[PDB]
Amino acid sequence: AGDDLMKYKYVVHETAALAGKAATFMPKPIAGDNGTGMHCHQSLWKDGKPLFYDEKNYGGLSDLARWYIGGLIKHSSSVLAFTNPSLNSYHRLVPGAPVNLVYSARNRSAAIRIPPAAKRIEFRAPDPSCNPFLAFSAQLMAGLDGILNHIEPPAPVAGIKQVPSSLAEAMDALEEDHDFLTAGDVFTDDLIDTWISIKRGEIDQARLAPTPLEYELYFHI
Amino acid sequence: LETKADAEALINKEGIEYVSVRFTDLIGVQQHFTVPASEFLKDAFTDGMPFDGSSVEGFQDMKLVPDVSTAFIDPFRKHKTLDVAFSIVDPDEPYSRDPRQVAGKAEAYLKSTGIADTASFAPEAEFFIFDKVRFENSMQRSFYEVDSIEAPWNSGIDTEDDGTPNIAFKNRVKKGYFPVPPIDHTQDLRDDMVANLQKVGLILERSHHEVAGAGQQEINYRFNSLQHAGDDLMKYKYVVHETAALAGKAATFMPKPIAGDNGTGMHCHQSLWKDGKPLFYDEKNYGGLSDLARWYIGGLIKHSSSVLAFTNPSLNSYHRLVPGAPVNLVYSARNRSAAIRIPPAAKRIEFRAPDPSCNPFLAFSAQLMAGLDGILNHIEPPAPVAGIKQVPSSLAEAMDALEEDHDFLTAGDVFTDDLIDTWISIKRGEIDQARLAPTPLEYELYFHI
Amino acid sequence: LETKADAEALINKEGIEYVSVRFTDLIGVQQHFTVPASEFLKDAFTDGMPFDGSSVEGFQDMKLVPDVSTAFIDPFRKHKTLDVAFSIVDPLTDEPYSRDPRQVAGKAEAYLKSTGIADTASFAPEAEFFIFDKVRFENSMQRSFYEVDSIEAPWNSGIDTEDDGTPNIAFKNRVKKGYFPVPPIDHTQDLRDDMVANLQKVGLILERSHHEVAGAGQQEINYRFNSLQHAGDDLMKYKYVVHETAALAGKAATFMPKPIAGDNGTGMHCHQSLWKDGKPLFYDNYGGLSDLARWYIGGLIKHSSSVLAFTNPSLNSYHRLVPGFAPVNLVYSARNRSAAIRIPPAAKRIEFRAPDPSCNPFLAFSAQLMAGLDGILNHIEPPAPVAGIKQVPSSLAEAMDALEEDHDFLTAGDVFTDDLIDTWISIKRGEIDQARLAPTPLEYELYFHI
Amino acid sequence: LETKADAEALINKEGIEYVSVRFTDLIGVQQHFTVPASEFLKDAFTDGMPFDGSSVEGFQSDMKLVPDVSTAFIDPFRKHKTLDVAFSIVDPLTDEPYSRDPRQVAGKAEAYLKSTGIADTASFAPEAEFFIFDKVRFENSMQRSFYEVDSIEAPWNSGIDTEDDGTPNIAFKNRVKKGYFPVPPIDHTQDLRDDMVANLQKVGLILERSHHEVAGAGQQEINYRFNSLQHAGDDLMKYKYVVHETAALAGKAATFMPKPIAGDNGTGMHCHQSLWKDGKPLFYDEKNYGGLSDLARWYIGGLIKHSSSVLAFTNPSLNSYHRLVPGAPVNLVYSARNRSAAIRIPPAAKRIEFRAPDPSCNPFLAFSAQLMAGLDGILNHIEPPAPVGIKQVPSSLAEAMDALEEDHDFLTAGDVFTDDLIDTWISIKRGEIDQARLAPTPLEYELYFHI
Ligand SMILES: [Mg+2]
Ligand SMILES: [Mg+2]
Ligand SMILES: [Mg+2]
């Protein structure tokens, strides 16, 4: 699926370029209009058979599926370090766009929506400015830790867990909560430390850069 | 000037036609309306001047009370005009969100504690002189562009704005401090500002070109008591802006207009006085500082994050306050990275953190209240010179600390809860605007991905 | 000035070469013709000045009678000129012309004294206005547009160079934040002071001048109050000074209630108070108001839609009179900023915030007085101070519908003639018909792709 | 087409690569998303096509689309071979008709007509005029507000020196109100009009007439054969799509605005109307005024009585009341000769021509409202006024919405027009009036700037 998206990105970019145009997967190129999100539909299969479906539940979700959500919510800010790894990512995730870490079937403000072999979990939080291999893996490892620890997610709906307010906050969360990633040596301390280092480098660049907004706000003062 | 009759005498003598009833809003921008000179003399000293503050940013009827001591003749107006500063009161009681009133009540709380009677502040407000400034934030595009004839990026230009060929002698990066003309192109304009500042009452000391080659300047004048020091800086800003504006240029107090060169800081010199005697002096300590001076530092260090919420209140402030600028909260004498610096009566404390994009009344008061809190509670500062306390990393973090620590400001009702709650609410809104706006840097980093 | 001898004395003391015989039309525009100074002294006081009122909008040979006290030296005219306001009368009878708005204001003052309620109706308008650097508009078959511009405008923060070719030095205004920072943020300070000086020169006693909320060059100048008719004369002189000072400065000044969208419009708050034998009558009670002042408000609320037909007579007026955050609630208060009538002893007055300065001051001030008087005489209690709050009209036609239905409080004492009311409605309905024909740029945005 | 096998056979033969899943929103603009043809033959007939109408104007979780294959046609504009198919909106669980689906309302209107027994079919024939411009631009900002149209036929270009292509002016341009209907070269858009006519024939329309209309700035009209109410709505949506695309791919712009320009003729959409039962006409009766039966006469009375509420759907734009001006079917009366009448009467050809509507409306909602009003008159024997104190059209959109708000029981009959739809429609149109309430006009600058 990571190979497909990279192939998907390559075609979109090239087809636009050869047409004399430019295609981008920026989560928020312009202000005042809708951003660009990459909803992720995920599910677990075994012996060619689905696992998330169960007639005895809210959205028709097996305990294996509900725990997957619970792990996704508990490790939310850590997962978003890979699903929303850009400074620009947090101009789309503005509470003005999913920002409430809670799951529901009807509500749209939920980061996790639930639409037998079609029963799946939809993570609306991510955006396509991410590495698909890293983004899809982090979501899987988050769910598995929820299943292995029977993590019960909050009740399907003023005290909802929120997405980080910045790229800096997400990296602090990833730095203090990544044991669920290092399980089975899937993610290594080498990669994690490198990922944080690179992203904190991009934060430092933003720390040095004056913005046109600040000119509008503070120049006359 | 001091009396109603003193003002009336000056009006007849200089033929003053109008009076600019001006004051400072919460943000730090001077607001005014103009009335005939006879109308000023008739009402301002009696029932004062009424105004609707419904549109003034950071307030929401109110009454304006004159302070003739701050009066000066406007050197920019076509018609002869007298500029007078007013304090806001209830139509009587001192207004909660008037910054100048905070400075006044701060001077009173100082005396009430018996610690001192006078707190002398001396700002070092730097600034930039640009030949052109333009910016925009729309859906399709967002930009800012400055320009200067001194700028190093213009070294290879063919023709200047006036049609005359390039005759070079433009500044280099971080090398504008401080060669003589023709390298310095803004010496004569700086002198115009210096002259106008002397004309409007200020006692000046020094003026020069600053580090940044893109036309950064600095003018220094003599210190004064807290409230008057705030008045002097507002007068300093108004004259600097106007003089450049009438010269076809733009002057700004942005802490960081351009990237890759020095930002703009406003070093604040601090000193407490009593009975006409210095209180920071003691030849038996580290930096010749008294125990009181040492405790003043400690209180400023402990509440630093809450203090910098007023001294560095803009989003742009944290593009100057970057490690690699005084970002370390510790005091010394020789060190040049320390936030607090120590250079009998001349013995004073230099806080190098603040920038001139702040409200001077609030900025100077916040520093005093922090110091006095350190004096009253004997707060010992860390030793002079890896656990060195840093400045806040963002504007949001600064507002977080102000919310959790503001009791030292509300002492003696100097800072009101209504003001601090308003100040936070305003700044959070600016942060929310940044949360919405995409940046050119993000295009450079993320577009191709 | 009071008489012919006083006029001749001034003509000599100032060397006046010509006399501008001016008068206000029914709409609210000042009309005039210029005569030599000697010709003015020779005929104006004896047989008056005749003119052909066939081509004056809303009128159709009548006689003009001077009010020397309205005279003032023109500070704009190349040749030394004295401007004098005149009154229109029937030559063979000297009877006041039915459609003369200045006469309506004069007949309102006379009716006021007949009631015994008061002898003086003071009015003080807070007329705001915009100063633009460029104004252009057209209404053809192929196109229909308007385009305003200002050096202070927020939409020019990103331009490279200005009108004079000089680089952008910023300090331009932001939306709804032009009230009222000091220069250089205020680029129209020296021009406003030029206006203030001219207003003082022509005889107005000024109080205040400042930049307004709208960043695109909106200002406001306040001056001392006056009796109804004279306050109408002063406001006409006010608008002329503002128009000419801006024009000769190479700019355009407008009293349009809403020239631009997204930012604040232009209003004209009217401060009202009744006086008798030199004593204030509104002072007493809640808000420091008297029974006479409260009944004045009640009559102002009851005939509101009819009064607004004169105080807000533009199609442009109802783009400011919008519930979109504006005085649209017919209720009086002292603290509420939503009340169309506000209450801020000799200063205890009524502030009507609804009107805009695109109206006829003579007709506007009269309509407010006649409404108040009707409330006083009939003991009309206003709604309680502060869901069922009375609203301003949602259209110009609705205002004309109300005026066509409720106008008897105006015809009392023959202040407003039926001839004037019908003619006023006819002109306004004619303007409504013009809008009924015209497509708008908004409609292209909404309906073209369909 | 008729069945699933028909479409599948066509896709193979014509090599159809994609399928445009289309529907009409509440306002009247066709919405769509494109899927592979194979994907369309796998899910549409069984599970249907799911979508989220949260972003669609006037719809608000996910809803369900069910195809009406008889509406299918091959797109003559797409680079890739595409089959355009219209869909109906139902609940993804109950398969029940979505209330805010205009096409479904038209389908529910044909069902109520049968339940009465008066007829089994209502036939509608629109006379939709339109404008063709070479350039159209508009903007509504704080600093300025404008619109500008241009045409090579335009009378305001008679004195122009150089055309858009660089060639000199060779005249033969129209004069004001005199484009009906000179032969070329005076008619500059004959070949483009014929291209539109050809494409309309290609997509399955049975065309009757094509010509240049009154307004000299590129006004045209293309007539096609009548049809049943719902399918007549389908044909018009396809009609407007072909017109829009043919002009667009010709470097031009086509609009159905009732009054794009002032000073010249407006654009209208006359709606011919007739009721049929068992193949027999019902509006014909030899021994009456306009050959009208009691059914036809009562139908008119229903139209007249609920005229203002009907015009809330037939003339639902602010721009509509710049055409509906007493300068135009304003008088709600019917005549067999008088053109000033809002209703005109021109044996199986006897029909009712409503001249009020304009093509800026939703055809599904427009045709349905006229029938329900007409059906209301029949069920109550509502007699219209004497053929020739005359009822006028609303003077504004607000008056129409005010009238629809008080008089709409005839629409709610048989669950055709739900209360949710009517409330939403009113709420949407009052939002547009609010926009007009906020926007200054160029006319006001002419009238009030100098004051
Ligand atoms: Mg320096
Ligand atoms: Mg005002
Ligand atoms: Mg036609």
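Residue numbers (the entry's author numbering), protein chains in the order written: chain A, 239 to 334, 337 to 355, 361 to 402, 415 to 478; chain F, 4 to 63, 69 to 99, 102 to 334, 337 to 355, 361 to 402, 415 to 478; chain E, 4 to 63, 69 to 292, 295 to 335, 337 to 355, 361 to 402, 415 to 478; chain B, 4 to 63, 68 to 334, 337 to 355, 361 to 402, 416 to 478.
Using N, Cα and C, we set each Cβ at its ideal position, and we do this for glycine too.
- Sequence-distant partners of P162 of chain F (beyond 5 residues in either direction) whose C-beta falls short of 8 angstroms from its own C-beta, in its chain, are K180, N181, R182, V183, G223 and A224.
- Look at the beta carbons and you see the stretch 302 to 311 of chain F touching the stretch 381 to 396 of chain F: at least three pairs across the two are nearer than 8 angstroms.
- Look at the beta carbons and you see the stretch 426 to 437 of chain E not touching the stretch 109 to 120 of chain E: under three pairs across the two are nearer than 8 angstroms.
- Rounded to the nearest whole angstrom, the CA to CA distance from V156 of chain F to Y475 of chain A is 14 angstroms.
- Contact annotation: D172 of chain F and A257 of chain F have beta-carbon atoms that are not nearer than 9 angstroms.
- When only Cα atoms are considered, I449 of chain F and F381 of chain F end up about 15 angstroms apart.
- Here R25 of chain B is bridged, per DSSP, to B:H35 and B:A93.
- Taking CB atoms only, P267 of chain F has no neighbour in chain E less than 9 angstroms away.
- In this structure, ligand 2 has a non-hydrogen atom nearer than 8 angstroms to the beta-carbon of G275 of chain E.
- If the five residues before and after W452 of chain F are omitted, its C-beta is found closer than 6 angstroms to no C-beta atom of its own chain.
- In this structure, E215 of chain B has its CB at a distance of at least 8 angstroms from all heavy atoms of ligand 3.
- Closest option to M428 of chain E, judged by alpha-carbon separation, among E:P373, E:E367, E:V332 and E:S324: E:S324.
- Shown here, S122 of chain F sits in a helix according to DSSP, grouped into three states.
- In this structure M149 of chain F is exposed. Its beta-carbon is surrounded by fewer than 16 other beta-carbon atoms within 10 angstroms.
- Annotation for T128 of chain B: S235 and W283 place their beta carbon closer than 6 angstroms to its own, counting only its chain and skipping 5 residues before and after.
- Distance between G298 of chain F and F290 of chain F, taken at the CA atoms: about 8 angstroms.
- Residues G31 and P109 of the same chain have their beta carbon placed closer than 6 angstroms to that of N376 of chain B, with the five preceding and five following residues left out of the count.
- Scanning the stretch 149 to 199 of chain F for uninterrupted beta strand (DSSP E) segments of 3 residues or longer gives 152 to 157, listed from N- to C-terminal end.
- In the three-state reduction of the DSSP assignment, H329 of chain B falls in the helix class, which pools H, G and I.
- For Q150 of chain B, at least one C-beta of chain E is nearer than 9 angstroms to its own C-beta.
- Secondary structure note for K259 of chain A: it is in no beta strand (DSSP E), with a DSSP letter that is neither H nor E.
- In terms of beta-carbon proximity, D69 of chain B lines the interface with chain A, with at least one pair separated by less than 9 angstroms.
- The alpha carbon of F320 of chain B has as its nearest neighbour, out of B:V420, B:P469, B:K7 and B:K45, the alpha carbon of B:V420.
- With respect to the C-alpha of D442 of chain A, the residue from A:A383, A:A350 and A:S422 having the closest C-alpha is A:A383.
- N147 of chain E and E459 of chain B have their C-alpha atoms roughly 23 angstroms apart.
- Assigned with DSSP and collapsed to three states, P361 of chain B falls in coil, not helix or strand.
- Inclusion of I81 of chain E and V210 of chain E in the CB contact set at 9 angstroms is warranted, their separation being smaller than that value.
- Taking a C-beta cut-off of 9 angstroms against chain A, the contacting residues of the stretch 193 to 205 of chain E are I193, listed in chain order.
- Going by beta carbons, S95 of chain B and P83 of chain B fall outside the 9 angstroms limit.
- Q227 of chain B sits close to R200 of chain B, with the two beta carbons spaced by under 9 angstroms.
- By the Cβ neighbour-count rule, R232 of chain B is exposed, with fewer than 16 other Cβ atoms within 10 Å of its own.
- If you check the CB distance, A261 of chain B and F137 of chain B come in under 9 angstroms.
- Of the residues assessed, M244 of chain A falls on the exposed side of the cut-off, its CB having fewer than 16 other CB atoms within 10 angstroms.
- Secondary structure remark: continuous beta strand (DSSP E) runs of at least 3 residues inside the stretch 362 to 392 of chain A, in chain order: 366 to 368.
- Here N340 of chain A carries a strand assignment [DSSP, helix/strand/coil].
- Chain B places a beta carbon closer than 9 angstroms to that of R346 of chain A, counting this residue as a contact.
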